[PDB]
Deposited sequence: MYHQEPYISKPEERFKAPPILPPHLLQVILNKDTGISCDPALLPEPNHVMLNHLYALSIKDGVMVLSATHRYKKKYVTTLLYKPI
């Protein structure tokens, strides 16, 4: 990413309640209710998988 100038592939994962099902490294989130946004995302450290939630206000 070095510049500041300007058939969408179909999507089969979309909503959730195993890891690939969640897609490692992809942003997930909840319906923003009551002025608070919840993000989630799963990452790998070596052999381990942490699914991190961030509770954020707007």
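- According to the record, no C-alpha positions are given for deposited positions 7 to 16, 23 to 25, 31 to 34, 38 to 47, numbered from 1.
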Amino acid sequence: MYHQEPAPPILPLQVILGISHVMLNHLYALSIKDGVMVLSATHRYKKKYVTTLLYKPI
From here on, numbers count along this sequence of modelled residues.
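- Between 41 to 49 and 21 to 29, it is 21 to 29 that carries the larger average Cα temperature factor according to the deposited entry.
- Sorting the modelled residues of the chain by their CA temperature factor places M1 in the middle third.
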